[PDB]
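The structure under discussion appears below in the form of structure tokens.
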Amino acid sequence: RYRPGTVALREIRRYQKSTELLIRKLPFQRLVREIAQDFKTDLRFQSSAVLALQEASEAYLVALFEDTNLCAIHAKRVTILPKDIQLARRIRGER
Amino acid sequence: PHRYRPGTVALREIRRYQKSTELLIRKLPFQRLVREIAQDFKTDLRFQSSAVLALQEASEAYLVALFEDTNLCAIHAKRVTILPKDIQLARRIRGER
Amino acid sequence: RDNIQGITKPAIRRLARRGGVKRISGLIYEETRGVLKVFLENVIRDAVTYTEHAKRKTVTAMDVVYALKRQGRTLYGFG
Amino acid sequence: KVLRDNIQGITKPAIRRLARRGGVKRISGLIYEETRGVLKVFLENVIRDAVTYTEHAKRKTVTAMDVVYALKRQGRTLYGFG
Amino acid sequence: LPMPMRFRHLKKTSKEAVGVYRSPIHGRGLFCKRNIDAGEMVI
Amino acid sequence: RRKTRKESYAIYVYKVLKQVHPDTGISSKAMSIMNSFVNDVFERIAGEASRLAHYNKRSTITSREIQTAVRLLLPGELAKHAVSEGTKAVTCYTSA
Amino acid sequence: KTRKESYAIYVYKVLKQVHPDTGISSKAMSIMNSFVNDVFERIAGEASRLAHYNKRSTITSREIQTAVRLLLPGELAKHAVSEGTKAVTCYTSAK
Amino acid sequence: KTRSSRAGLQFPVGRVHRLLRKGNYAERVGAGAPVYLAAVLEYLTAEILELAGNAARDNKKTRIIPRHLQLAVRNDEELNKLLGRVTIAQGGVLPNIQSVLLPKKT
Amino acid sequence: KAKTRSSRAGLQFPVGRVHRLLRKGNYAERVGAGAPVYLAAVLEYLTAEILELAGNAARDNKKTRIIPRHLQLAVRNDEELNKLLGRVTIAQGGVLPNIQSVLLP
DNA sequence: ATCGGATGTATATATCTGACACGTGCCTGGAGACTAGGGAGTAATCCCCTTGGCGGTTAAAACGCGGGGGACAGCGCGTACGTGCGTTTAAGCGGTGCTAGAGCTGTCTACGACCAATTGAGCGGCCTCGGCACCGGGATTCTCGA
DNA sequence: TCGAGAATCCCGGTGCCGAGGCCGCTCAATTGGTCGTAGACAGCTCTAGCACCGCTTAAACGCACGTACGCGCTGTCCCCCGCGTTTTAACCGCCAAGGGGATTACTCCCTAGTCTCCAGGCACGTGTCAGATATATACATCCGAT
């Protein structure tokens with residue numbers, strides 16, 4: 001309820017125990033369809049294939065977040081900021 | 001000369017060095033060091049002058065890169081001094097913890 | 001079209017929870033969407049290259065893993 | 001032999017000059033030891049792969065081409081030795 | 001870290017952090033050659 | 001239409017699991033992930049050994065080169081355990 | 001004393017074609033040899049693995065096309081594929 | 001007559017030899033290569049599956065879900081050194097919270 | 001017994017030895033005829049572009065010879081070659097001059 | 001803010017030396033001719049499935065408010081470092097002898113590819129039964145304001 | 001230091017589809033020779049990494065010190081979030097289809113392989129000049145004076 005910051009810990013632990021995906025199927029599928037149509041038209045996707053991409057995304061993405069996390073800790077603060085994301089992206093060696 | 005302000009000659013030193021092309025660590029100490037460290041894995045080995053030379057440059061390369069990275073994160077720390085914790089930060093964030 | 005807004009606030013919030021953060025700024029979503037879009041386009045470029053080289057207008061799952069492996073990541077459990 | 005000496009073979013001005021080529025000015029006095037540590041832990045892997053390579057070839061000398069071969073095995077490539 | 005699976009640390013990584021020596025308070029004691037901080041399961 | 005026959009490392013790893021823990025079931029997804037893992041490590045080691053063999057002007061692939069490859073690739077004492085186990089297997093195989 | 005292989009004359013002629021005024025030192029020779037070799041193994045291995053992907057026993061030109069499109073960055077890939085197609089067409093027309 | 005039982009291993013050896021022969025890794029191979037590869041694959045598979053079973057009996061579930069494999073691979077350190085840049089489908093992530101982000105009061 | 005294949009296609013890099021390397025490099029079992037020609041073509045293109053950048057750098061520095069510093073400056077200052085050569089070092093090298101804005105007084 | 005003075009910065013002038021570019025030899029690869037035989041493509045196909053679409057809803061998202069907790073700007077401070085200089089010292093060429101080792105060559109013998117057929121390991125179809133999901137409720141533990 | 005309320009864990013209690021195991025029917029893995037050969041052994045040649053010392057000085061050593069700033073503390077104020085609400089299309093489960101992905105069969109033609117000769121590219125001398133080296137100088141900059 002009240003005391004902001006308490007509910008965040010409960011939510012983060014509950015979700016850390018869980019191991020499901022985090023993106024709704026249809027919006028992500030439509031986005032992949034659009035970005036494919038950008039490259040070539042009338043491409044038939046395998047329902048297994050899309051799923052594939054999906055998982056990889058979160059993997060990559062979550063790793064990035066964690067890095068930004070420790071970067072914020074290096075700056076004597078808790079909240080993460082956009083600037084830290086560019087920090088991680090540049091320092092990783094993938095710009 | 002006179003007692004100059006800190007960092008003033010540092011800038012001209014940077015300018016002289018960053019354009020330069022040479023070897024910064026001496027030759028004899030490094031070859032002695034590698035011959036010393038080679039003993040543990042296997043004793044009584046012979047080195048080639050061309051070989052060891054190569055090695056130092058590669059090491060320097062890697063080491064130079066590290067400073068680059070550290071410098072940037074140091075600027076992210078809202079300070080100009082370099083501190084140990086930033087070296088560990090760079091080492092861990094690079095991907096070889 | 002405009003579907004980048006499809007990845008909405010609660011989903012990225014939950015994935016931030018995956019990351020290990022509780023305090024996040026309200027002006028971080030746009031560059032996250034940009035980074036995600038860059039990753040997807042970079043992967044799907046190799047994906048469509050693979051799928052069209054074999055003269056099949058469909059896209060399978062095993063070539064996706066193949067492109068992921070060529071890029072530098074690796075995926076397990078799919079093919 | 002194993003000797004604690006020659007580890008400080010990279011005296012302070014060498015690291016000073018390396019930092020300058022990096023482009024930094026203010027370095028604290030307690031950086032030198034961890035620089036030595038990271039240099040040693042890096043050099044361990046390359047020298048170990050080099051000695052394994054030269055051992056497998058039934059000779060007890062190391063060339064430079066096998067060294068760049070090991071370096072490429074790790075991922076950092078050298079140009080200019082063949 | 002969940003509770004049940006921490007059994008391993010009891011039997012394998014629990015034989016170096018503490019030594020057995022002459023206590024100064026009374027009789028014999030379990031002295032220390034290692035360091036363990038707060039909220040750490042020990043014995 | 002026309003049924004096809006495919007090869008997967010399904011039976012052997014299942015037999016290994018039964019040999020180790022003859023009381024625990026396995027899932028199909030775990031089966032596929034283990035198949036992918038074994039294919040991955042097999043290809044990694046084989047390719048590295050082959051390119052090493054080319055590196056030495058040798059037209060053959062002996063058994064020694066593979067143990068050199070597993071010395072390079074495998075880190076820590078796991079390398080010692082694996083190489084000792086391989087030597088055991090080959091020695092127990094030859095005189096038969 | 002013995003016979004050893006290198007790329008010295010060909011890179012020298014290529015240099016003289018575009019800048020018939022500038023000399024180079026042996027270090028430039030060694031580094032250019034290393035560069036051309038490195039790219040050769042990279043592209044050749046990629047082509048071999050592509051050929052093995054589709055259970056095909058041969059490596060033809062279009063395999064090299066796919067490999068070069070997949071590996072090199074965009075604009076340089078376009079230039080390279082154009083020049084290579086020109087070369088192969090002029091070779092096949094006048095055999 | 002079979003060939004796997006000659007060394008007492010479990011992974012096939014004829015299959016490995018055929019697949020390595022048609023894999024064009026080289027032109028000519030010795031006799032100890034297939035048995036040696038079967039042995040090392042055996043050892044690695046046993047190493048992983050023992051921890052898989054331990055994690056299975058952790059939650060008191062007979063079937064091994066991929067989450068158990070993810071936990072067993074990640075919690076070990078040598079595996080994390082060897083499986084550096086690899087993910088797992090449906091794998092999830094091991095629990096972790098940063099130390100300095102832990103509120104407390106009297 | 002004349003008119004080498006490189007001359008036949010009007011190239012310079014030796015197609016015969018490239019084809020030999022593909023044959024004996026154990027990359028496949030059947031090699032197409034056009035593959036070595038095409039590889040020689042792309043190698044010529046890449047070498048020509050990198051050497052032209054090196055010559056431009058030499059013109060800037062008014063040096064009649066080329067040392068690795070010139071070509072390193074040529075490679076680094078180009079974005080595309082930098083992206084292609086992500087993980088690379090050069091013997092007797094150096095670093096392009098740069099200073100952070102905040103670091104300056 | 002403005003100007004003078006010490007001082008490192010990049011430039012022009014002899015010169016000289018060892019590495020750069022060129023001319024020779026010929027032997028090992030590559031191009032010219034020919035063959036056959038095994039991969040390949042191209043016609044045809046037909047069932048798996050992926051696209052498309054429709055009813056119901058509720059789990060999930062979207063939007064507004066209240067505030068407290070954390071980002072951010074500043075100020076002293078005292079302290080750790082960069083600058084400077086006199087001194088010792090091991091690096092850096094210099095040049096010498098040689099054995100230990102790498103490297104090339106004739107050899108000939110144990111060892112891997114070819115192949116024919118077998119025939120049991122091994123892959124696919126069908127119940128099926130219990131490990132596990134779904135659900136309903138009581139027992140169990142945490143937290144923050146009086 | 002102590003309650004009220006609020007969450008999670010567990011004990012049933014029940015119903016269902018996925019891992020499993022048996023039967024049937026293949027196809028490629030041995031076994032045994034068979035045949036050619038790649039590398040292993042011993043010898044000889046050459047050449048250079050190493051042990052060794054001399055002499056010279058660029059640079060490391062270490063002290064002196066005067067201040068630039070990393071840090072602790074303060075105050076500030078502003079916006080992220082949690083709680084509540086209304087709002088809605090992702091998701092579920094159901095329909096139907098056509099098309100194209102994977103498979104069969106086939107003739108044909110690209111190429112591995114052999115033999116063939118000749119020519120061009122690396123080892124090897126040999127002449128020669130591009131830029132390092134040391135000298136004198138106009139110039140831009142840190143510092144200090146107002």
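Ordering of the structure tokens sets the chain letters (A, B, ...); residue numbers start at 1 within each chain; ligands are numbered from 1 in the order shown.
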Polymer residues at most 9 Å from segment 30-34 of chain I, only C-alpha atoms (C1' of nucleotides), same-chain spacing of 2 or more positions, as a list in words: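 Returned residues: residues 57, 58, 59, 60, 61, 88, 91 and 92 of chain G; 19, 22, 23, 27, 28, 36, 37, 38 and 39 of chain I; 110, 111 and 112 of chain K.
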Chain D residues near chain K (10 Å cut-off, only C-alpha atoms (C1' of nucleotides)) as a PyMOL selection string: chain D and resi 11-13
DSSP alpha helix (DSSP H) selection over segment 16-100 of chain H, as number ranges by chain: H: 16-21, 32-58, 66-75, 77-82
So that I have them on file, write out the residues from the current selection with N, CA and C atoms, as a compact mmCIF listing (two decimals), in the first residue's frame.
# COMPACT_ATOMS: atom_id res chain seq x y z
N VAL H 16 29.45 -40.65 -34.20
CA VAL H 16 30.41 -39.55 -34.14
C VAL H 16 31.42 -39.66 -35.28
N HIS H 17 31.93 -40.87 -35.53
CA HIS H 17 32.92 -41.02 -36.59
C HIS H 17 32.33 -40.71 -37.96
N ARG H 18 31.12 -41.19 -38.23
CA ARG H 18 30.50 -40.90 -39.52
C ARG H 18 30.26 -39.41 -39.68
N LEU H 19 29.74 -38.77 -38.63
CA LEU H 19 29.38 -37.36 -38.73
C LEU H 19 30.63 -36.48 -38.83
N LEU H 20 31.73 -36.90 -38.21
CA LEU H 20 32.98 -36.16 -38.36
C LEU H 20 33.62 -36.42 -39.71
N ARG H 21 33.43 -37.62 -40.27
CA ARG H 21 33.96 -37.90 -41.60
C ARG H 21 33.25 -37.08 -42.66
N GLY H 32 41.42 -43.15 -32.48
CA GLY H 32 41.05 -42.74 -31.14
C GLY H 32 40.20 -41.49 -31.08
N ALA H 33 40.10 -40.76 -32.18
CA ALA H 33 39.33 -39.51 -32.18
C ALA H 33 37.86 -39.72 -31.84
N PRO H 34 37.12 -40.64 -32.48
CA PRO H 34 35.70 -40.76 -32.14
C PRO H 34 35.44 -41.22 -30.72
N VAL H 35 36.21 -42.20 -30.23
CA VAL H 35 36.01 -42.65 -28.86
C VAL H 35 36.35 -41.53 -27.87
N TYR H 36 37.41 -40.78 -28.15
CA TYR H 36 37.79 -39.69 -27.25
C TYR H 36 36.70 -38.63 -27.19
N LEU H 37 36.14 -38.27 -28.35
CA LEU H 37 35.06 -37.29 -28.36
C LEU H 37 33.82 -37.81 -27.64
N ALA H 38 33.47 -39.07 -27.87
CA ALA H 38 32.33 -39.64 -27.16
C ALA H 38 32.56 -39.56 -25.66
N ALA H 39 33.78 -39.82 -25.22
CA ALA H 39 34.09 -39.78 -23.79
C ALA H 39 33.94 -38.37 -23.22
N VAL H 40 34.49 -37.36 -23.91
CA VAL H 40 34.44 -36.02 -23.34
C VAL H 40 33.00 -35.49 -23.34
N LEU H 41 32.23 -35.81 -24.39
CA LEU H 41 30.82 -35.43 -24.39
C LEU H 41 30.08 -36.12 -23.26
N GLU H 42 30.39 -37.40 -23.02
CA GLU H 42 29.84 -38.11 -21.87
C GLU H 42 30.11 -37.37 -20.57
N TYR H 43 31.37 -36.97 -20.36
CA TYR H 43 31.73 -36.34 -19.10
C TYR H 43 30.99 -35.02 -18.92
N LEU H 44 30.93 -34.21 -19.97
CA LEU H 44 30.25 -32.92 -19.86
C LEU H 44 28.75 -33.09 -19.63
N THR H 45 28.13 -34.03 -20.35
CA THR H 45 26.70 -34.27 -20.15
C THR H 45 26.41 -34.76 -18.74
N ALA H 46 27.25 -35.65 -18.21
CA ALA H 46 27.05 -36.09 -16.83
C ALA H 46 27.21 -34.93 -15.86
N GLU H 47 28.22 -34.09 -16.08
CA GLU H 47 28.44 -32.94 -15.21
C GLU H 47 27.21 -32.04 -15.16
N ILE H 48 26.59 -31.81 -16.31
CA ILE H 48 25.43 -30.92 -16.32
C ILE H 48 24.21 -31.61 -15.71
N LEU H 49 23.97 -32.87 -16.09
CA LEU H 49 22.74 -33.53 -15.68
C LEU H 49 22.72 -33.86 -14.19
N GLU H 50 23.88 -34.06 -13.56
CA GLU H 50 23.85 -34.29 -12.12
C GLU H 50 23.30 -33.07 -11.38
N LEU H 51 23.77 -31.88 -11.76
CA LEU H 51 23.23 -30.66 -11.17
C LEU H 51 21.78 -30.45 -11.57
N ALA H 52 21.41 -30.86 -12.78
CA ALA H 52 20.01 -30.80 -13.19
C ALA H 52 19.14 -31.63 -12.26
N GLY H 53 19.57 -32.85 -11.94
CA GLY H 53 18.81 -33.68 -11.03
C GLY H 53 18.77 -33.11 -9.62
N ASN H 54 19.88 -32.54 -9.17
CA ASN H 54 19.90 -31.92 -7.85
C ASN H 54 18.88 -30.79 -7.77
N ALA H 55 18.83 -29.94 -8.80
CA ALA H 55 17.83 -28.89 -8.84
C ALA H 55 16.42 -29.44 -8.97
N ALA H 56 16.25 -30.56 -9.67
CA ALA H 56 14.93 -31.17 -9.77
C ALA H 56 14.42 -31.59 -8.40
N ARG H 57 15.26 -32.26 -7.63
CA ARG H 57 14.88 -32.68 -6.28
C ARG H 57 14.87 -31.52 -5.30
N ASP H 58 15.43 -30.37 -5.66
CA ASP H 58 15.33 -29.19 -4.81
C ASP H 58 13.87 -28.80 -4.58
N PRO H 66 13.33 -26.38 -17.72
CA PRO H 66 14.56 -25.67 -18.09
C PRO H 66 15.02 -24.65 -17.06
N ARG H 67 14.12 -24.17 -16.20
CA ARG H 67 14.53 -23.27 -15.13
C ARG H 67 15.59 -23.92 -14.25
N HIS H 68 15.43 -25.21 -13.96
CA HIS H 68 16.41 -25.93 -13.16
C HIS H 68 17.77 -25.95 -13.84
N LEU H 69 17.78 -26.20 -15.16
CA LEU H 69 19.03 -26.17 -15.90
C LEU H 69 19.66 -24.79 -15.87
N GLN H 70 18.85 -23.74 -16.03
CA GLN H 70 19.38 -22.39 -15.98
C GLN H 70 20.04 -22.11 -14.64
N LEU H 71 19.37 -22.48 -13.55
CA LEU H 71 19.93 -22.25 -12.22
C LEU H 71 21.22 -23.04 -12.02
N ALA H 72 21.23 -24.30 -12.46
CA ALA H 72 22.40 -25.15 -12.26
C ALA H 72 23.59 -24.65 -13.06
N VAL H 73 23.35 -24.17 -14.28
CA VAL H 73 24.45 -23.66 -15.09
C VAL H 73 24.96 -22.34 -14.54
N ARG H 74 24.04 -21.46 -14.12
CA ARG H 74 24.45 -20.12 -13.72
C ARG H 74 25.14 -20.11 -12.36
N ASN H 75 24.62 -20.87 -11.39
CA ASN H 75 25.17 -20.80 -10.04
C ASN H 75 26.61 -21.30 -9.97
N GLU H 77 30.47 -21.63 -11.23
CA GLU H 77 31.34 -20.60 -11.77
C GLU H 77 32.12 -21.05 -13.00
N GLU H 78 32.57 -22.31 -13.04
CA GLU H 78 33.30 -22.79 -14.20
C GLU H 78 32.41 -22.84 -15.43
N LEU H 79 31.15 -23.26 -15.25
CA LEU H 79 30.20 -23.23 -16.35
C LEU H 79 29.98 -21.81 -16.85
N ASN H 80 29.81 -20.86 -15.93
CA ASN H 80 29.62 -19.48 -16.34
C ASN H 80 30.85 -18.95 -17.07
N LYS H 81 32.03 -19.47 -16.73
CA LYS H 81 33.22 -19.11 -17.49
C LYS H 81 33.16 -19.73 -18.89
N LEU H 82 32.68 -20.97 -19.00
CA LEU H 82 32.66 -21.66 -20.29
C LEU H 82 31.40 -21.33 -21.09
Per residue of chain I within 7 Å of chain J, note the shortest atom pair and the distance in Å to one decimal, counting only C-alpha atoms (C1' of nucleotides), and order the rows by chain and increasing residue number, as CSV.
residue,atom,partner,partner_atom,distance
I:1,CA,J:31,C1',5.7
I:2,CA,J:31,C1',6.9
I:16,CA,J:30,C1',6.9
Could the residues in this selection be saved with C-alpha atoms as a compact mmCIF listing (two decimals), in the first residue's frame?
# COMPACT_ATOMS: atom_id res chain seq x y z
CA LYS I 1 49.71 -21.86 -72.78
CA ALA I 2 49.48 -18.13 -72.06
CA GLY I 16 45.24 -19.29 -59.99
12 Å contact set for residue 38 of chain D, only C-alpha atoms (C1' of nucleotides), chain neighbours under 5 positions out, as a PyMOL selection string: (chain B and resi 59-60+62-63+66-67+84+87-88+90-92+96-97) or (chain D and resi 31-33+43-45)
Residues within 10 Å of residue 3 of chain C, only C-alpha atoms (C1' of nucleotides), excluding chain neighbours under 6 positions, as a count of residues only: 7
Computed interatomic separation between atom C1' of residue 83 of chain J and atom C1' of residue 61 of chain K (Å): 15.6 Å
Separation of atom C1' of residue 83 of chain K from atom CA of residue 2 of chain A, in Å and rounded to one decimal: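 Rounded to one decimal, the two atoms are 8.2 Å apart.
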Shell of 9 Å around residue 35 of chain B, only C-alpha atoms (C1' of nucleotides), local chain residues under 3 positions omitted, as number ranges by chain: B: 30-32, 38-39, 45-47
Residues of chain G within 12 Å of chain F, counting only C-alpha atoms, as a list in words: residues 41, 45 and 49 of chain G
Keeping only C-alpha atoms, write the selected residues as a PDB file, in the first residue's frame.
ATOM      1  CA  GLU G  41      40.113 -16.728 -44.260  1.00  0.00           C
ATOM      2  CA  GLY G  45      35.163 -19.810 -43.868  1.00  0.00           C
ATOM      3  CA  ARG G  49      29.725 -22.782 -43.559  1.00  0.00           C
TER       4      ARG G  49
END
Residue neighbourhood segment 70-83 of chain A, 7 Å, only C-alpha atoms (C1' of nucleotides), exclusion window fewer than 4 positions, as an MDAnalysis selection string: (chainID A and resid 66 87) or (chainID B and resid 77) or (chainID C and resid 23:25 28)
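When only C-alpha atoms are used to compute distances to chain B, the closest of the residues D:36, D:41, D:82, D:30 turns out to be D:30.
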Each residue of chain J lying at most 10 Å from chain C should get a row with its shortest atom-to-atom pair and the distance in Å to one decimal, counting only C-alpha atoms (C1' of nucleotides); could you produce that, ordered by chain and increasing number, as a Markdown table?
| residue | atom | partner | partner_atom | distance |
| --- | --- | --- | --- | --- |
| J:60 | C1' | C:10 | CA | 9.2 |
| J:61 | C1' | C:10 | CA | 7.9 |
| J:70 | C1' | C:23 | CA | 9.7 |
Within 8 Å of residue 58 of chain I using only C-alpha atoms (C1' of nucleotides), minus same-chain residues under 6 positions, as JSON, numbers by chain: {"G": [22], "I": [64, 65, 66, 70]}
Could the residues in this selection be written to a file with C-alpha atoms, as a short mmCIF file (atom, residue, chain, number, x, y, z; two decimals), in the first residue's frame?
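Output file result05.cif is given in full below:
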data_model
loop_
_atom_site.label_atom_id
_atom_site.label_comp_id
_atom_site.auth_asym_id
_atom_site.auth_seq_id
_atom_site.Cartn_x
_atom_site.Cartn_y
_atom_site.Cartn_z
CA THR G 22 54.60 7.04 -53.05
CA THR I 64 57.10 10.21 -49.86
CA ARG I 65 56.97 6.84 -48.06
CA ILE I 66 54.28 5.08 -46.02
CA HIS I 70 49.73 6.89 -41.86
#
Neighbours of chain A in chain B at 10 Å, counting only C-alpha atoms, as a PyMOL selection string: chain B and resi 68-70+72-74+76-78+85-86+89-90+92-95
Check which residues of chain D sit at most 9 Å from chain I using only C-alpha atoms, and return one row each with the closest pair of atoms and their distance in Å to one decimal, ordered by chain and rising number, as a Markdown table.
| residue | atom | partner | partner_atom | distance |
| --- | --- | --- | --- | --- |
| D:21 | CA | I:95 | CA | 8.0 |
| D:22 | CA | I:95 | CA | 8.6 |
| D:23 | CA | I:99 | CA | 6.9 |
| D:24 | CA | I:103 | CA | 8.4 |
| D:25 | CA | I:103 | CA | 8.6 |
| D:75 | CA | I:87 | CA | 7.4 |
| D:76 | CA | I:87 | CA | 6.1 |
| D:77 | CA | I:88 | CA | 5.4 |
| D:78 | CA | I:89 | CA | 5.4 |
| D:79 | CA | I:90 | CA | 5.5 |
| D:80 | CA | I:91 | CA | 6.2 |
| D:81 | CA | I:91 | CA | 8.8 |
May I have the residues from that selection written out with C-alpha atoms, as a PDB file, in the first residue's frame?
ATOM      1  CA  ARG D  21      49.002   8.400 -24.094  1.00  0.00           C
ATOM      2  CA  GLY D  22      45.590   7.403 -22.793  1.00  0.00           C
ATOM      3  CA  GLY D  23      44.797  11.055 -22.175  1.00  0.00           C
ATOM      4  CA  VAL D  24      44.343  11.451 -18.420  1.00  0.00           C
ATOM      5  CA  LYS D  25      45.851  13.948 -15.989  1.00  0.00           C
ATOM      6  CA  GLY D  75      40.039 -12.446 -30.047  1.00  0.00           C
ATOM      7  CA  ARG D  76      42.586  -9.626 -30.132  1.00  0.00           C
ATOM      8  CA  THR D  77      44.339  -9.749 -33.498  1.00  0.00           C
ATOM      9  CA  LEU D  78      47.819  -8.509 -34.405  1.00  0.00           C
ATOM     10  CA  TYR D  79      48.899  -7.380 -37.862  1.00  0.00           C
ATOM     11  CA  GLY D  80      52.516  -7.310 -38.959  1.00  0.00           C
ATOM     12  CA  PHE D  81      54.133 -10.681 -38.245  1.00  0.00           C
TER      13      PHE D  81
END
